[PDB]
file final.csv (CSV, N, CA and C atoms)
chain,number,residue,atom,x,y,z
N,1,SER,N,-20.0,10.5,-8.4
N,1,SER,CA,-19.9,10.2,-9.9
N,1,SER,C,-18.7,10.8,-10.5
N,2,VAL,N,-17.5,10.1,-10.3
N,2,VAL,CA,-16.3,10.6,-10.9
N,2,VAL,C,-15.5,9.6,-11.6
N,3,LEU,N,-14.4,10.0,-12.2
N,3,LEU,CA,-13.5,9.1,-12.9
N,3,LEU,C,-12.0,9.7,-12.8
N,4,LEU,N,-11.5,9.6,-11.5
N,4,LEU,CA,-10.2,10.0,-11.2
N,4,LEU,C,-9.3,9.1,-12.0
N,5,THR,N,-8.7,9.6,-13.0
N,5,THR,CA,-7.9,8.8,-14.0
N,5,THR,C,-6.4,9.1,-14.0
N,6,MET,N,-5.6,8.0,-14.0
N,6,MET,CA,-4.2,8.1,-14.0
N,6,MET,C,-3.5,7.1,-15.0
N,7,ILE,N,-2.6,7.5,-15.8
N,7,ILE,CA,-1.9,6.6,-16.7
N,7,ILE,C,-0.4,6.7,-16.4
N,8,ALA,N,0.2,5.5,-16.1
N,8,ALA,CA,1.6,5.5,-15.8
N,8,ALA,C,2.3,4.3,-16.4
N,9,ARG,N,3.6,4.5,-16.7
N,9,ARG,CA,4.4,3.4,-17.3
N,9,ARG,C,4.7,2.4,-16.2
N,10,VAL,N,4.4,1.1,-16.6
N,10,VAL,CA,4.5,0.0,-15.6
N,10,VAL,C,6.0,-0.2,-15.2
N,11,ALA,N,6.9,-0.2,-16.1
N,11,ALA,CA,8.3,-0.5,-15.8
N,11,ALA,C,8.8,0.2,-14.5
N,12,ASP,N,8.5,1.5,-14.4
N,12,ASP,CA,9.0,2.3,-13.3
N,12,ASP,C,7.9,3.3,-12.7
N,13,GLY,N,6.6,3.1,-13.1
N,13,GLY,CA,5.6,3.9,-12.5
N,13,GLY,C,5.6,5.4,-12.9
N,14,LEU,N,6.4,5.7,-13.9
N,14,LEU,CA,6.4,7.1,-14.3
N,14,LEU,C,5.0,7.6,-14.8
N,15,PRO,N,4.5,8.7,-14.2
N,15,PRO,CA,3.2,9.2,-14.6
N,15,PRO,C,3.3,9.6,-16.1
N,16,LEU,N,2.2,9.4,-16.8
N,16,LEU,CA,2.2,9.8,-18.2
N,16,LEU,C,1.2,10.9,-18.5
N,17,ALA,N,-0.1,10.7,-18.1
N,17,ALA,CA,-1.2,11.6,-18.3
N,17,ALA,C,-2.1,11.4,-17.1
N,18,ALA,N,-2.9,12.3,-16.8
N,18,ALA,CA,-3.8,12.2,-15.7
N,18,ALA,C,-4.9,13.3,-15.6
N,19,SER,N,-6.0,13.0,-14.9
N,19,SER,CA,-7.1,13.9,-14.8
N,19,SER,C,-7.7,13.5,-13.4
N,20,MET,N,-7.0,13.8,-12.4
N,20,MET,CA,-7.4,13.5,-11.0
N,20,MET,C,-8.5,14.4,-10.5
N,21,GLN,N,-8.2,15.6,-10.2
N,21,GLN,CA,-9.1,16.6,-9.6
N,21,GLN,C,-10.4,16.6,-10.4
N,22,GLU,N,-11.5,16.9,-9.6
N,22,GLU,CA,-12.8,17.0,-10.1
N,22,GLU,C,-13.5,18.2,-9.4
N,23,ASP,N,-14.8,18.5,-9.7
N,23,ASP,CA,-15.6,19.6,-9.2
N,23,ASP,C,-15.4,19.6,-7.6
N,24,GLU,N,-14.5,20.5,-7.2
N,24,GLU,CA,-14.3,20.6,-5.7
N,24,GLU,C,-14.0,19.3,-5.1
N,25,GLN,N,-12.8,18.8,-5.2
N,25,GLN,CA,-12.3,17.6,-4.6
N,25,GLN,C,-11.8,17.9,-3.2
N,26,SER,N,-11.5,16.9,-2.3
N,26,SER,CA,-11.0,17.2,-1.0
N,26,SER,C,-9.5,16.9,-0.9
N,27,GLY,N,-8.7,17.8,-0.6
N,27,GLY,CA,-7.3,17.6,-0.5
N,27,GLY,C,-6.9,16.3,0.2
N,28,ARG,N,-7.6,16.0,1.3
N,28,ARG,CA,-7.4,14.8,2.0
N,28,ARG,C,-7.5,13.6,1.1
N,29,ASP,N,-8.7,13.4,0.5
N,29,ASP,CA,-9.0,12.3,-0.4
N,29,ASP,C,-8.0,12.3,-1.6
N,30,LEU,N,-8.0,13.4,-2.3
N,30,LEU,CA,-7.1,13.5,-3.5
N,30,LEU,C,-5.7,13.0,-3.2
N,31,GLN,N,-5.2,13.3,-2.1
N,31,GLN,CA,-3.8,12.9,-1.7
N,31,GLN,C,-3.8,11.4,-1.5
N,32,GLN,N,-4.7,10.9,-0.7
N,32,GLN,CA,-4.8,9.5,-0.4
N,32,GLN,C,-5.1,8.7,-1.6
N,33,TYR,N,-5.8,9.2,-2.6
N,33,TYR,CA,-6.1,8.5,-3.8
N,33,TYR,C,-4.8,8.4,-4.7
N,34,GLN,N,-4.0,9.5,-4.8
N,34,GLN,CA,-2.8,9.4,-5.5
N,34,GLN,C,-1.8,8.5,-4.9
N,35,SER,N,-1.7,8.5,-3.6
N,35,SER,CA,-0.7,7.7,-2.9
N,35,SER,C,-1.0,6.3,-3.0
N,36,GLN,N,-2.3,5.9,-3.0
N,36,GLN,CA,-2.7,4.5,-3.2
N,36,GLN,C,-2.4,4.1,-4.6
N,37,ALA,N,-2.5,5.1,-5.5
N,37,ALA,CA,-2.1,4.8,-6.9
N,37,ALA,C,-0.7,4.4,-7.1
N,38,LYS,N,0.2,5.2,-6.4
N,38,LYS,CA,1.7,4.9,-6.5
N,38,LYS,C,2.0,3.5,-6.0
N,39,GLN,N,1.4,3.1,-4.8
N,39,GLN,CA,1.7,1.8,-4.2
N,39,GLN,C,1.2,0.7,-5.1
N,40,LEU,N,0.3,1.1,-6.0
N,40,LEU,CA,-0.2,0.1,-6.9
N,40,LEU,C,0.7,-0.1,-8.1
N,41,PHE,N,1.2,1.0,-8.6
N,41,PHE,CA,2.1,1.1,-9.7
N,41,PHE,C,3.5,0.4,-9.4
N,42,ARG,N,4.1,0.8,-8.3
N,42,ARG,CA,5.3,0.2,-7.8
N,42,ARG,C,5.3,-1.3,-7.7
N,43,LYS,N,4.1,-1.8,-7.4
N,43,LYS,CA,4.0,-3.3,-7.3
N,43,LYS,C,3.8,-4.0,-8.6
N,44,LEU,N,3.3,-3.4,-9.6
N,44,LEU,CA,3.0,-4.0,-10.9
N,44,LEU,C,4.2,-4.7,-11.5
N,45,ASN,N,4.0,-5.9,-12.0
N,45,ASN,CA,5.0,-6.7,-12.7
N,45,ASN,C,4.4,-7.5,-13.8
N,46,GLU,N,5.2,-8.5,-14.4
N,46,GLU,CA,4.7,-9.3,-15.4
N,46,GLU,C,3.6,-10.3,-14.9
N,47,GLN,N,3.7,-10.7,-13.6
N,47,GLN,CA,2.8,-11.6,-13.0
N,47,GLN,C,1.4,-11.0,-12.7
N,48,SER,N,1.4,-9.6,-12.9
N,48,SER,CA,0.1,-8.9,-12.5
N,48,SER,C,-1.0,-9.2,-13.5
N,49,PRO,N,-2.2,-9.0,-13.1
N,49,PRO,CA,-3.4,-9.2,-14.0
N,49,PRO,C,-3.4,-8.0,-14.9
N,50,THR,N,-3.8,-8.3,-16.2
N,50,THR,CA,-3.9,-7.2,-17.1
N,50,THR,C,-5.1,-6.4,-17.0
N,51,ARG,N,-6.1,-7.0,-16.3
N,51,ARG,CA,-7.4,-6.3,-16.0
N,51,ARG,C,-7.6,-6.5,-14.5
N,52,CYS,N,-8.1,-5.6,-13.8
N,52,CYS,CA,-8.3,-5.8,-12.3
N,52,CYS,C,-9.2,-4.7,-11.7
N,53,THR,N,-9.9,-5.1,-10.7
N,53,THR,CA,-10.9,-4.3,-9.9
N,53,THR,C,-10.5,-4.4,-8.4
N,54,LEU,N,-10.2,-3.3,-7.8
N,54,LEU,CA,-9.8,-3.2,-6.4
N,54,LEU,C,-10.7,-2.4,-5.5
N,55,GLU,N,-11.3,-3.1,-4.5
N,55,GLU,CA,-12.3,-2.5,-3.6
N,55,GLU,C,-11.6,-1.7,-2.5
N,56,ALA,N,-12.2,-0.5,-2.3
N,56,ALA,CA,-11.8,0.4,-1.2
N,56,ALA,C,-12.9,1.2,-0.6
N,57,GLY,N,-13.9,0.5,-0.2
N,57,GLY,CA,-15.1,1.1,0.5
N,57,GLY,C,-16.0,1.8,-0.5
N,58,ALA,N,-16.2,3.1,-0.3
N,58,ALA,CA,-17.1,3.9,-1.1
N,58,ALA,C,-16.5,4.0,-2.5
N,59,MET,N,-15.2,3.8,-2.6
N,59,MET,CA,-14.5,3.9,-3.8
N,59,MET,C,-14.0,2.6,-4.4
N,60,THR,N,-13.8,2.5,-5.7
N,60,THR,CA,-13.3,1.2,-6.3
N,60,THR,C,-12.3,1.5,-7.4
N,61,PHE,N,-11.2,0.9,-7.4
N,61,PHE,CA,-10.2,1.1,-8.4
N,61,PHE,C,-10.3,0.0,-9.5
N,62,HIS,N,-10.1,0.4,-10.8
N,62,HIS,CA,-10.2,-0.4,-11.9
N,62,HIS,C,-9.0,-0.1,-12.8
N,63,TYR,N,-8.3,-1.0,-13.4
N,63,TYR,CA,-7.3,-0.7,-14.3
N,63,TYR,C,-7.0,-1.8,-15.3
N,64,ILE,N,-6.3,-1.5,-16.3
N,64,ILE,CA,-5.9,-2.5,-17.3
N,64,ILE,C,-4.4,-2.2,-17.6
N,65,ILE,N,-3.7,-3.3,-18.0
N,65,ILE,CA,-2.3,-3.1,-18.4
N,65,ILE,C,-2.2,-3.6,-19.8
N,66,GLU,N,-1.8,-2.8,-20.7
N,66,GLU,CA,-1.6,-3.1,-22.1
N,66,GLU,C,-0.3,-2.3,-22.6
N,67,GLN,N,0.5,-3.0,-23.3
N,67,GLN,CA,1.8,-2.4,-23.8
N,67,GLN,C,2.7,-1.7,-22.7
N,68,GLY,N,2.7,-2.3,-21.5
N,68,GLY,CA,3.5,-1.7,-20.5
N,68,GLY,C,3.0,-0.4,-19.9
N,69,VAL,N,1.7,-0.1,-20.1
N,69,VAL,CA,1.1,1.1,-19.6
N,69,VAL,C,-0.1,0.7,-18.8
N,70,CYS,N,-0.2,1.3,-17.6
N,70,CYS,CA,-1.3,1.0,-16.7
N,70,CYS,C,-2.3,2.1,-16.7
N,71,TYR,N,-3.6,1.8,-17.1
N,71,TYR,CA,-4.6,2.8,-17.2
N,71,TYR,C,-5.5,2.5,-16.0
N,72,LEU,N,-5.5,3.5,-15.1
N,72,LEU,CA,-6.2,3.4,-13.8
N,72,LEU,C,-7.3,4.4,-13.6
N,73,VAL,N,-8.4,4.0,-13.0
N,73,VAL,CA,-9.5,4.9,-12.7
N,73,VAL,C,-10.1,4.6,-11.4
N,74,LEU,N,-10.4,5.6,-10.6
N,74,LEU,CA,-11.0,5.5,-9.3
N,74,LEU,C,-12.4,6.1,-9.4
N,75,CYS,N,-13.4,5.3,-8.9
N,75,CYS,CA,-14.8,5.8,-8.9
N,75,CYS,C,-15.6,5.3,-7.8
N,76,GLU,N,-16.8,5.8,-7.7
N,76,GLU,CA,-17.8,5.4,-6.6
N,76,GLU,C,-18.0,3.9,-6.8
N,77,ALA,N,-18.1,3.2,-5.7
N,77,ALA,CA,-18.3,1.7,-5.7
N,77,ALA,C,-19.5,1.4,-6.6
N,78,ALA,N,-20.5,2.2,-6.5
N,78,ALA,CA,-21.7,2.1,-7.3
N,78,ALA,C,-21.6,2.1,-8.8
N,79,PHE,N,-20.5,2.7,-9.3
N,79,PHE,CA,-20.3,2.8,-10.8
N,79,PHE,C,-20.2,1.5,-11.5
N,80,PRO,N,-20.9,1.3,-12.6
N,80,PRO,CA,-20.8,0.0,-13.3
N,80,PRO,C,-19.4,-0.4,-13.7
N,81,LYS,N,-19.0,-1.5,-13.2
N,81,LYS,CA,-17.7,-2.1,-13.5
N,81,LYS,C,-17.5,-2.1,-15.0
N,82,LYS,N,-18.4,-2.7,-15.7
N,82,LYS,CA,-18.3,-2.9,-17.1
N,82,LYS,C,-18.0,-1.5,-17.8
N,83,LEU,N,-18.6,-0.5,-17.3
N,83,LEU,CA,-18.4,0.9,-17.9
N,83,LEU,C,-16.9,1.3,-17.7
N,84,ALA,N,-16.5,1.3,-16.5
N,84,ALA,CA,-15.1,1.6,-16.2
N,84,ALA,C,-14.1,1.1,-17.1
N,85,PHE,N,-14.2,-0.2,-17.5
N,85,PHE,CA,-13.3,-0.8,-18.5
N,85,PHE,C,-13.4,-0.3,-19.9
N,86,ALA,N,-14.6,0.1,-20.3
N,86,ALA,CA,-14.8,0.6,-21.6
N,86,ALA,C,-14.1,2.0,-21.7
N,87,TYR,N,-14.3,2.7,-20.6
N,87,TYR,CA,-13.7,4.0,-20.4
N,87,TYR,C,-12.2,3.8,-20.6
N,88,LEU,N,-11.6,2.9,-19.8
N,88,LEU,CA,-10.2,2.6,-19.9
N,88,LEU,C,-9.8,2.1,-21.3
N,89,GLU,N,-10.6,1.3,-21.9
N,89,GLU,CA,-10.3,0.8,-23.2
N,89,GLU,C,-10.3,1.9,-24.3
N,90,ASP,N,-11.2,2.8,-24.2
N,90,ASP,CA,-11.1,3.9,-25.1
N,90,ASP,C,-9.8,4.7,-24.9
N,91,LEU,N,-9.4,4.9,-23.7
N,91,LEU,CA,-8.2,5.6,-23.4
N,91,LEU,C,-7.0,4.9,-24.0
N,92,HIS,N,-6.9,3.6,-23.7
N,92,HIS,CA,-5.8,2.8,-24.2
N,92,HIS,C,-5.6,2.9,-25.7
N,93,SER,N,-6.6,2.4,-26.5
N,93,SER,CA,-6.5,2.4,-28.0
N,93,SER,C,-6.1,3.8,-28.5
N,94,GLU,N,-6.5,4.9,-27.9
N,94,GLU,CA,-6.2,6.2,-28.4
N,94,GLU,C,-4.8,6.5,-28.0
N,95,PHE,N,-4.4,6.2,-26.7
N,95,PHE,CA,-3.1,6.4,-26.2
N,95,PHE,C,-2.0,5.7,-27.0
N,96,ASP,N,-2.1,4.4,-27.1
N,96,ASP,CA,-1.1,3.6,-27.8
N,96,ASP,C,-1.0,4.0,-29.2
N,97,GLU,N,-2.1,4.2,-29.9
N,97,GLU,CA,-2.1,4.6,-31.2
N,97,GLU,C,-1.3,5.9,-31.4
N,98,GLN,N,-1.6,6.9,-30.5
N,98,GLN,CA,-0.9,8.2,-30.5
N,98,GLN,C,0.5,8.3,-29.9
N,99,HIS,N,0.8,7.4,-28.9
N,99,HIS,CA,2.1,7.5,-28.2
N,99,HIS,C,2.9,6.3,-27.8
N,100,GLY,N,2.4,5.1,-28.3
N,100,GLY,CA,3.1,3.9,-28.0
N,100,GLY,C,4.6,3.8,-28.2
N,101,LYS,N,5.0,4.3,-29.4
N,101,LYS,CA,6.4,4.3,-29.7
N,101,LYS,C,7.3,5.2,-28.8
N,102,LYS,N,6.7,6.3,-28.4
N,102,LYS,CA,7.5,7.2,-27.5
N,102,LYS,C,7.4,6.9,-26.0
N,103,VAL,N,6.3,6.2,-25.6
N,103,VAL,CA,6.1,5.8,-24.2
N,103,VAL,C,7.3,5.1,-23.5
N,104,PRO,N,7.9,4.1,-24.2
N,104,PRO,CA,9.0,3.4,-23.5
N,104,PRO,C,10.3,4.1,-23.4
N,105,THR,N,10.4,5.4,-23.9
N,105,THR,CA,11.7,6.1,-23.9
N,105,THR,C,11.7,7.4,-23.1
N,106,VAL,N,10.5,7.9,-22.8
N,106,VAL,CA,10.4,9.2,-22.1
N,106,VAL,C,11.0,9.0,-20.7
N,107,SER,N,11.5,10.1,-20.1
N,107,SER,CA,12.1,10.1,-18.8
N,107,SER,C,11.5,11.2,-17.9
N,108,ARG,N,10.9,12.2,-18.5
N,108,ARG,CA,10.3,13.3,-17.7
N,108,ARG,C,8.9,12.8,-17.3
N,109,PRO,N,8.4,13.2,-16.1
N,109,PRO,CA,7.0,12.8,-15.7
N,109,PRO,C,6.0,13.6,-16.5
N,110,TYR,N,4.8,13.0,-16.7
N,110,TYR,CA,3.7,13.7,-17.4
N,110,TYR,C,4.2,14.3,-18.7
N,111,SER,N,4.9,13.4,-19.6
N,111,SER,CA,5.4,13.9,-20.8
N,111,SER,C,4.3,13.9,-21.9
N,112,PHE,N,3.1,13.5,-21.4
N,112,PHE,CA,2.0,13.5,-22.3
N,112,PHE,C,0.8,14.3,-21.8
N,113,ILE,N,1.0,15.4,-21.1
N,113,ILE,CA,0.0,16.2,-20.6
N,113,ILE,C,-1.1,16.4,-21.7
N,114,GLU,N,-0.6,16.6,-22.9
N,114,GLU,CA,-1.4,16.8,-24.1
N,114,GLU,C,-2.6,15.9,-24.0
N,115,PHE,N,-2.4,14.6,-23.7
N,115,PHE,CA,-3.4,13.6,-23.7
N,115,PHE,C,-4.5,13.9,-22.6
N,116,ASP,N,-4.2,14.8,-21.7
N,116,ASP,CA,-5.2,15.1,-20.6
N,116,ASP,C,-6.5,15.5,-21.3
N,117,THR,N,-6.4,16.3,-22.4
N,117,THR,CA,-7.5,16.8,-23.1
N,117,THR,C,-8.4,15.6,-23.5
N,118,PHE,N,-7.8,14.6,-24.1
N,118,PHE,CA,-8.6,13.5,-24.6
N,118,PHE,C,-9.3,12.8,-23.4
N,119,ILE,N,-8.6,12.6,-22.3
N,119,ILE,CA,-9.2,12.0,-21.1
N,119,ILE,C,-10.4,12.8,-20.7
N,120,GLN,N,-10.3,14.1,-20.6
N,120,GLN,CA,-11.4,14.9,-20.2
N,120,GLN,C,-12.6,14.8,-21.2
N,121,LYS,N,-12.3,14.9,-22.5
N,121,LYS,CA,-13.4,14.7,-23.5
N,121,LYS,C,-14.0,13.3,-23.4
N,122,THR,N,-13.2,12.3,-23.2
N,122,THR,CA,-13.7,10.9,-23.1
N,122,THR,C,-14.5,10.7,-21.8
N,123,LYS,N,-14.1,11.4,-20.8
N,123,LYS,CA,-14.8,11.3,-19.5
N,123,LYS,C,-16.2,11.7,-19.6
N,124,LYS,N,-16.5,12.9,-20.1
N,124,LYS,CA,-17.8,13.4,-20.3
N,124,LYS,C,-18.8,12.4,-20.8
N,125,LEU,N,-18.4,11.7,-21.9
N,125,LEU,CA,-19.2,10.7,-22.5
N,125,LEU,C,-19.6,9.5,-21.6
N,126,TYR,N,-18.9,9.3,-20.5
N,126,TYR,CA,-19.3,8.2,-19.6
N,126,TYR,C,-20.1,8.7,-18.4
N,127,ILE,N,-19.6,9.7,-17.7
N,127,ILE,CA,-20.3,10.2,-16.5
N,127,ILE,C,-21.4,11.1,-17.0

call {"tool": "encode", "arguments": {"input": "final.csv", "output": "structure tokens"}}
result
Amino acid sequence: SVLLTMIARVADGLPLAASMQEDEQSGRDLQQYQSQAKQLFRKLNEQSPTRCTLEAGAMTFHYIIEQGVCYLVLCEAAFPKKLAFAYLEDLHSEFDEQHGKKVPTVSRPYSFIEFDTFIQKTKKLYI
């Protein structure tokens, strides 16, 4: 029952905010989860779906693309698809509202760590 969350700029995959780790995660998995995320980001373009669900066994990836930002979440296959997108939707509207103008010009990775707090608070409400 998790919500490994990652927000990155589509143009170049620059990470923005994230809340990967959870109650005692496994270095092996956490590493594989992040690497799979990168290979997803690097491939994103204009032809990509703005909403998408990607199967990976016990785990399933879900993401949305809005304003050039990819909101991605990894969770148990069992987790309600419909829920994952609401979670993402809440993150989006709050993120764009609070950082849309600055998102396309930042160059340092995780320039929005601050947002991690909102992700955490929003997470509780779903899991």

call {"tool": "select_by_dssp", "arguments": {"input": "final.csv", "residues": "chain N", "states": "strand (DSSP E)", "output": "PyMOL selection string"}}
result
chain N and resi 4-9+15-19+51-56+59-66+69-76

call {"tool": "residues_near_point", "arguments": {"input": "final.csv", "point": "(-0.6, 1.4, -7.4)", "cutoff": "10 Å", "atoms": "only C-alpha atoms", "output": "compact mmCIF listing (two decimals) with N, CA and C atoms, in the frame of the given file"}}
result
# COMPACT_ATOMS: atom_id res chain seq x y z
N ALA N 8 0.20 5.50 -16.10
CA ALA N 8 1.60 5.50 -15.80
C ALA N 8 2.30 4.30 -16.40
N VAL N 10 4.40 1.10 -16.60
CA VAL N 10 4.50 0.00 -15.60
C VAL N 10 6.00 -0.20 -15.20
N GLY N 13 6.60 3.10 -13.10
CA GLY N 13 5.60 3.90 -12.50
C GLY N 13 5.60 5.40 -12.90
N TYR N 33 -5.80 9.20 -2.60
CA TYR N 33 -6.10 8.50 -3.80
C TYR N 33 -4.80 8.40 -4.70
N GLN N 34 -4.00 9.50 -4.80
CA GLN N 34 -2.80 9.40 -5.50
C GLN N 34 -1.80 8.50 -4.90
N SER N 35 -1.70 8.50 -3.60
CA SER N 35 -0.70 7.70 -2.90
C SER N 35 -1.00 6.30 -3.00
N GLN N 36 -2.30 5.90 -3.00
CA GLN N 36 -2.70 4.50 -3.20
C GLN N 36 -2.40 4.10 -4.60
N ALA N 37 -2.50 5.10 -5.50
CA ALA N 37 -2.10 4.80 -6.90
C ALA N 37 -0.70 4.40 -7.10
N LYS N 38 0.20 5.20 -6.40
CA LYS N 38 1.70 4.90 -6.50
C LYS N 38 2.00 3.50 -6.00
N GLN N 39 1.40 3.10 -4.80
CA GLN N 39 1.70 1.80 -4.20
C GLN N 39 1.20 0.70 -5.10
N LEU N 40 0.30 1.10 -6.00
CA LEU N 40 -0.20 0.10 -6.90
C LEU N 40 0.70 -0.10 -8.10
N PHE N 41 1.20 1.00 -8.60
CA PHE N 41 2.10 1.10 -9.70
C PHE N 41 3.50 0.40 -9.40
N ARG N 42 4.10 0.80 -8.30
CA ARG N 42 5.30 0.20 -7.80
C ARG N 42 5.30 -1.30 -7.70
N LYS N 43 4.10 -1.80 -7.40
CA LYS N 43 4.00 -3.30 -7.30
C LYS N 43 3.80 -4.00 -8.60
N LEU N 44 3.30 -3.40 -9.60
CA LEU N 44 3.00 -4.00 -10.90
C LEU N 44 4.20 -4.70 -11.50
N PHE N 61 -11.20 0.90 -7.40
CA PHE N 61 -10.20 1.10 -8.40
C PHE N 61 -10.30 0.00 -9.50
N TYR N 63 -8.30 -1.00 -13.40
CA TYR N 63 -7.30 -0.70 -14.30
C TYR N 63 -7.00 -1.80 -15.30
N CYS N 70 -0.20 1.30 -17.60
CA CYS N 70 -1.30 1.00 -16.70
C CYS N 70 -2.30 2.10 -16.70
N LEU N 72 -5.50 3.50 -15.10
CA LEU N 72 -6.20 3.40 -13.80
C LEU N 72 -7.30 4.40 -13.60

call {"tool": "atom_distance", "arguments": {"input": "final.csv", "atom1": "CA of residue 109 in chain N", "atom2": "atom N of residue 83 in chain N"}}
result
28.9 Å

call {"tool": "residues_around", "arguments": {"input": "final.csv", "residues": "residue 50 in chain N", "least_positions_apart": "5", "cutoff": "8 Å", "atoms": "only C-alpha atoms", "output": "PyMOL selection string"}}
result
chain N and resi 63-66

call {"tool": "atom_distance", "arguments": {"input": "final.csv", "atom1": "CA of residue 105 in chain N", "atom2": "CA of residue 53 in chain N"}}
result
28.5 Å

call {"tool": "residues_around", "arguments": {"input": "final.csv", "residues": "residue 116 in chain N", "least_positions_apart": "4", "cutoff": "7 Å", "atoms": "only C-alpha atoms", "output": "short mmCIF file (atom, residue, chain, number, x, y, z; two decimals) with N, CA and C atoms, keeping the file's coordinate frame"}}
result
data_model
loop_
_atom_site.label_atom_id
_atom_site.label_comp_id
_atom_site.auth_asym_id
_atom_site.auth_seq_id
_atom_site.Cartn_x
_atom_site.Cartn_y
_atom_site.Cartn_z
N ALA N 17 -0.10 10.70 -18.10
CA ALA N 17 -1.20 11.60 -18.30
C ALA N 17 -2.10 11.40 -17.10
N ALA N 18 -2.90 12.30 -16.80
CA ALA N 18 -3.80 12.20 -15.70
C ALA N 18 -4.90 13.30 -15.60
N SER N 19 -6.00 13.00 -14.90
CA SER N 19 -7.10 13.90 -14.80
C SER N 19 -7.70 13.50 -13.40
N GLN N 120 -10.30 14.10 -20.60
CA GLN N 120 -11.40 14.90 -20.20
C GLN N 120 -12.60 14.80 -21.20
#

call {"tool": "atom_distance", "arguments": {"input": "final.csv", "atom1": "CA of residue 67 in chain N", "atom2": "CA of residue 51 in chain N"}}
result
12.7 Å

call {"tool": "residues_around", "arguments": {"input": "final.csv", "residues": "residue 78 in chain N", "least_positions_apart": "5", "cutoff": "7 Å", "atoms": "only N, CA and C atoms", "output": "list in words"}}
result
residues 58, 59 and 60 of chain N

call {"tool": "axis_aligned_box", "arguments": {"input": "final.csv", "around": "range 32-45 of chain N", "padding_each_side": "8 Å", "output": "AutoDock Vina command-line options"}}
result
--center_x -0.4 --center_y 1.7 --center_z -7.1 --size_x 27.4 --size_y 34.4 --size_z 29.4

call {"tool": "build_atoms", "arguments": {"input": "final.csv", "residues": "range 97-108 of chain N", "atoms": "N, CA, C and O atoms", "output": "CSV table (one decimal), keeping the file's coordinate frame"}}
result
chain,number,residue,atom,x,y,z
N,97,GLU,N,-2.1,4.2,-29.9
N,97,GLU,CA,-2.1,4.6,-31.2
N,97,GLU,C,-1.3,5.9,-31.4
N,97,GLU,O,-0.5,6.1,-32.3
N,98,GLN,N,-1.6,6.9,-30.5
N,98,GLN,CA,-0.9,8.2,-30.5
N,98,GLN,C,0.5,8.3,-29.9
N,98,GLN,O,1.2,9.2,-30.2
N,99,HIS,N,0.8,7.4,-28.9
N,99,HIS,CA,2.1,7.5,-28.2
N,99,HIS,C,2.9,6.3,-27.8
N,99,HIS,O,3.9,6.3,-27.2
N,100,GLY,N,2.4,5.1,-28.3
N,100,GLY,CA,3.1,3.9,-28.0
N,100,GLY,C,4.6,3.8,-28.2
N,100,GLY,O,5.3,3.4,-27.4
N,101,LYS,N,5.0,4.3,-29.4
N,101,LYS,CA,6.4,4.3,-29.7
N,101,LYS,C,7.3,5.2,-28.8
N,101,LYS,O,8.4,4.8,-28.6
N,102,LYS,N,6.7,6.3,-28.4
N,102,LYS,CA,7.5,7.2,-27.5
N,102,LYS,C,7.4,6.9,-26.0
N,102,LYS,O,8.3,7.2,-25.3
N,103,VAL,N,6.3,6.2,-25.6
N,103,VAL,CA,6.1,5.8,-24.2
N,103,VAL,C,7.3,5.1,-23.5
N,103,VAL,O,7.6,5.4,-22.4
N,104,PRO,N,7.9,4.1,-24.2
N,104,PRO,CA,9.0,3.4,-23.5
N,104,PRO,C,10.3,4.1,-23.4
N,104,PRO,O,11.3,3.6,-22.8
N,105,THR,N,10.4,5.4,-23.9
N,105,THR,CA,11.7,6.1,-23.9
N,105,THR,C,11.7,7.4,-23.1
N,105,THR,O,12.7,8.1,-22.9
N,106,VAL,N,10.5,7.9,-22.8
N,106,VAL,CA,10.4,9.2,-22.1
N,106,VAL,C,11.0,9.0,-20.7
N,106,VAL,O,11.0,7.9,-20.1
N,107,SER,N,11.5,10.1,-20.1
N,107,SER,CA,12.1,10.1,-18.8
N,107,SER,C,11.5,11.2,-17.9
N,107,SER,O,11.5,11.1,-16.7
N,108,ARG,N,10.9,12.2,-18.5
N,108,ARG,CA,10.3,13.3,-17.7
N,108,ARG,C,8.9,12.8,-17.3
N,108,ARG,O,8.2,12.2,-18.1
